[PDB]
*Asks:* 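Please read through the structure below; I'll follow up with questions.
Reminder, nothing fancy here: chain letters follow the sequence lines and each chain counts from 1. Just follow the structure's listing: the first ligand is 1, and inside any ligand the first atom is 1.
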Amino acid sequence: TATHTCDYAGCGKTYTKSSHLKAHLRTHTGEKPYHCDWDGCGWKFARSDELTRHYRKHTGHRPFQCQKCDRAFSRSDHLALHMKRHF
DNA sequence: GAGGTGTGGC
DNA sequence: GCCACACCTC
Ligand SMILES: [Zn+2]
Ligand SMILES: [Zn+2]
Ligand SMILES: [Zn+2]
């Protein structure tokens, strides 16, 4: 039940929220509103969370620490898969 | 691990 | 719109 349809070149992809469609439309337009501000870096991204992932390459930030060993991860889904190895 | 992206509470 | 969740593919 998706009411927000993409009307670009007969794409037809449909989403549940308008903000989802607006983000998808960037695949057709090449718009990248989220700019890395790291010194000397000119990378830009269509989604804010893609920029977050990029910043963690600059900072080495790994917020998701495994509570059963010393390993840490930049993303929760990486940790979740690793945790299965403990059980 | 990384890239891409569909989803939904707020 | 922000943000992280969740899943697929490589
Ligand atoms: Zn489209
Ligand atoms: Zn950067
Ligand atoms: Zn572990």
*Asks:* Where does the angle between the aromatic ring planes of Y15(A) and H20(A) fall among parallel (under 30°), tilted (30 to 60°) and perpendicular (over 60°)?
*Replies:* perpendicular
*Asks:* Do any protein N, O or S atoms sit under 2.8 Å from the Zn ion (ligand 3), and which ones are they?
*Replies:* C66(A) SG, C69(A) SG, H82(A) NE2, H86(A) NE2
*Asks:* Given side chains that start at C-beta, do those of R53(A) and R75(A) come closer than 4.5 Å, heavy atoms only?
*Replies:* yes
*Asks:* Closest N/O/S atom of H58(A) to the Zn ion (ligand 2), by atom name?
*Replies:*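 Atom name of the closest N, O or S in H58(A): NE2.
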*Asks:* Working to the nearest 0.5 Å, report the span between CZ of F64(A) and NE2 of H82(A).
*Replies:* 14.5 Å
*Asks:* Side chains of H54(A) and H58(A): any donor to acceptor distance under 3.5 Å?
*Replies:*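 Yes, a side-chain donor-acceptor pair sits under 3.5 Å.
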*Asks:* State, to the nearest 10 degrees, the angle whose vertex is the Zn ion (ligand 1) and whose arms point to NE2 of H24(A) and SG of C6(A).
*Replies:*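 Value returned, to the nearest 10°, is 110°.
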*Asks:* Could you tell me the angle subtended at the Zn ion (ligand 1) by NE2 of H28(A) and SG of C11(A), rounded to 10°?
*Replies:*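 It is 110°, given to the nearest 10°.
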*Asks:* Can you check whether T16(A)'s main-chain N or O pairs, donor with acceptor, with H4(A)'s side chain at less than 3.5 Å?
*Replies:*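 Yes.
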*Asks:* At the Zn ion (ligand 2), what is the angle formed between atom NE2 of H54(A) and atom SG of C36(A), rounded to the nearest 10°?
*Replies:*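 That angle is 110°.
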*Asks:* Are side-chain heavy atoms of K57(A) and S74(A) found at a separation under 4.5 Å?
*Replies:* no
*Asks:* Here's a test for you: under side-chain contact (heavy atoms from CB on, under 4.5 Å), which of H78(A), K84(A), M83(A) qualifies with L81(A)?
*Replies:*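 Per the side-chain contact (heavy atoms from CB on, under 4.5 Å) rule, the option paired with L81(A) is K84(A), out of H78(A), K84(A), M83(A).
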*Asks:* So do the side chains of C66(A) and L79(A) get within less than 4.5 Å of each other, counting heavy atoms only?
*Replies:*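 In contact.
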